[PDB]
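Throughout, read-outs are computed from the coordinates displayed, never taken from laboratory work. No Cβ is skipped: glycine too gets one built from the backbone with ideal geometry, and neighbour counts run over all protein chains shown.
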Amino acid sequence: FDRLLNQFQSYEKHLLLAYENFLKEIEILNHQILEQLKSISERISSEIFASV
Amino acid sequence: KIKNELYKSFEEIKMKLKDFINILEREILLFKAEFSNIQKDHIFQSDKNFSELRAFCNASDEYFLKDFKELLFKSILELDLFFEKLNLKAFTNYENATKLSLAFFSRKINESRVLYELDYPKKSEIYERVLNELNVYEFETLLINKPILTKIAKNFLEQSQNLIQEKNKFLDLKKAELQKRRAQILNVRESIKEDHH
Amino acid sequence: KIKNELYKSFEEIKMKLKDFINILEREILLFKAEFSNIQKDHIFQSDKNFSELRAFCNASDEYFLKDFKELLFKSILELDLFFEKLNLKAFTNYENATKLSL
Amino acid sequence: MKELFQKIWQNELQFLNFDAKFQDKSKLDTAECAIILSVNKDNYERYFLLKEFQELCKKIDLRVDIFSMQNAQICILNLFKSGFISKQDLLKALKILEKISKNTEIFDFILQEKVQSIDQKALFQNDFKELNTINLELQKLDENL
């Protein structure tokens, strides 16, 4: 039973380690999505200007 | 191409979560395989004890694994729904946004013209209007103000910690039972060893 | 009102699927509860046989139930995605459709 | 070699990690390795009930459970690959044992498998000069010793 409990604790520790990189990657992706959207909107606002 | 890139990124996140669950699963199934078959060595070792241990470890998938899987599935569902929202309000409706903003500026131009009393588009205005049509206030809020992916990840982490704690409590029950047996044995031993009285 | 009615209908379908799985689950768990504990009657009966039966019936969740649950979850996912599609292309974009056609 | 273990443990095969969990690498000699390999799913109950097999497994520090048997077989085969402990003499011993256990599949796998680098005499010289260095260090720190 102690072995099983130790395995669980090890898994928790590994998750806590990996979330450091994981959350920051997710934040980066958030920012990337927003900037892709803004680039699309900039292109469309450029071409609406043509179109004048 | 942009939409495909974002889809790939979403897939990446889901894959990472799946990998976490798979790690845990591998460990738990190895435990099950080892202890569903452990057999007593020499007589006096309580056959029933070992049998019950074997049964418990056999059921250990149900005991330790399935809730984590359910949590993973829920998180995946939420991620997929968020991607669906981003797709259908932005990365497909760009044509519609173009038509709407373009026609709005056309109507504004003609309204300007209808001032025939001798008493027209800026680029910044166009950019803001196209941004509004693409729902980028809503997606700014969902990407940065209340980051959805980050929320999902924290949900996964916090609930998996809760599950681990519950499993630990459940196992503490088993250890307590074993402790009962141990205490009985030690009582007998101390009784034997203190009969010099 | 129309959108809420459709949402309720979708919920209904999902609920029916869940009920099916719950039926099966009830039966499977009753089997598990009965036969994880069957104990031999007679001197000459194989204790080891019974022990192995007890372990197997205890493992019967993993054995008989989980695949069905996974299938149910898959179906629910797809249903929710379809409702989202219907919502976001029709029952919210009616304002946009009006503006565009007008 | 998961296909091999499925072949020889068709339904009683368990969830197991294919690497040598071995702790000593000299834990058992080659005849005992051959005996352990010949615990095919058709003889396994008889072997487990056999007193001499139980004595052997107590000598080796094994159980008579199925999972530990399969794990030990895995480790033996990985040592046969990597540390390359067994010759064709392992195959000899399995042919000898075929009096009892008609273990053809493991025999064929041992036959048709890229073996490894051998590297014996270099390892001998390394170990011997390790021991020479230890002897020198002992000499440093008494005259009789």
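Determine, yes or no, whether C:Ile43 is of a type outside the set (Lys, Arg), on the phi < 0 side of the Ramachandran plot and loosely packed, with under 10 Cβ neighbours inside 10 Å. Yes, satisfied.
Every residue, every condition in (1) at positive phi; (2) more than 7 Å from every other protein chain (Cβ to nearest Cβ); (3) among the aliphatic types (A, V, I, L, M), yes or no:
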| residue | (1), (2), (3) |
| --- | --- |
| A:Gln7 | no, no, no |
| A:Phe22 | no, no, no |
| A:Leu29 | no, no, yes |
| A:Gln32 | no, yes, no |
| A:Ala50 | no, yes, yes |
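Scanning segment B:144-188 for residues that are more than 20 Å from B:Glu78 (Cα to Cα) and of a type in the set (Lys, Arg) yields B:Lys167, B:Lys169, B:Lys174, B:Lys175, B:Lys180, B:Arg181, B:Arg182. Out of the residues in segment B:39-89 that are among the small types (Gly, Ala, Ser) and more than 10 Å from every other protein chain (Cβ to nearest Cβ), state the one that is farthest from D:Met69 (Cα to Cα). Ranking the qualifying residues of segment B:39-89, first place goes to B:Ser75.
Quick check on segment C:6-22. Is at least one of its residues within 26 Å of B:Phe56 (Cα to Cα) and under 21 Å from the mean Cα position of the chain (by Cα)? Within segment C:6-22, one or more residues are within 26 Å of B:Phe56 (Cα to Cα) and under 21 Å from the mean Cα position of the chain (by Cα). Pairs are defined by a Cβ separation below 9 Å, a sequence spacing of at least 6 or placement on different chains, a first member in segment D:1-28 that is among the aromatic types (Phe, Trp, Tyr), and a second member that is in a loop (DSSP other than H, G, I, E, B) and loosely packed, with under 15 Cβ neighbours inside 10 Å; the pairs so defined are D:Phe5/D:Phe18; D:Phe22/D:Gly83. Residues of segment C:26-38 that are touching a helix residue (DSSP H, G or I) at 6+ places or on another chain (Cβ under 8 Å) and in a helix (DSSP H, G or I): C:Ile28, C:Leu29, C:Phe31, C:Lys32, C:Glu34, C:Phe35. Hey, does segment A:20-28 have a residue that's outside any helix (DSSP H, G or I) and out of contact with any strand residue (DSSP E or B) (no Cβ under 7 Å at 6 or more places or on another chain)? No - not one qualifying residue is present in segment A:20-28. The set of residues from segment D:62-92 being under 17 Å from D:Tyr47 (Cα atoms) and either in a helix (DSSP H, G or I) or aromatic (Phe, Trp, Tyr) (or both) comprises D:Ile66, D:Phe67, D:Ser68, D:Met69, D:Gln70, D:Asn71, D:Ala72, D:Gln73. If you filter segment B:2-20 down to residues that are out of contact with any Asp or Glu (no Cβ under 9 Å at 6 or more places or on another chain) and more than 10 Å from chain A (Cβ to nearest Cβ), you find that the one that is farthest from B:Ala153 (Cα to Cα) is B:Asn4.
Only a single criterion out of (1) surrounded by fewer than 15 Cβ atoms within 10 Å (Cβ to Cβ); (2) part of a loop (DSSP other than H, G, I, E, B) is not satisfied by B:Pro121, namely (1). How many residues does segment D:4-19 contain that are within 12 Å of D:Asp108 (Cβ to Cβ) and under 19 Å from the mean Cα position of the chain (by Cα)? Of the residues in segment D:4-19, 2 are within 12 Å of D:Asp108 (Cβ to Cβ) and under 19 Å from the mean Cα position of the chain (by Cα). For segment B:112-122, the count of residues that are of a type in the set (A, V, I, L, M, F, W, C) and within 10 Å of chain A (Cβ to nearest Cβ) is zero. Just a yes or no: is a residue in segment B:151-160 in a helix (DSSP H, G or I), over 30 Å from A:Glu35 (Cβ atoms) and within 30 Å of the chain's Cα centre (by Cα)? Yes, segment B:151-160 has at least one match.
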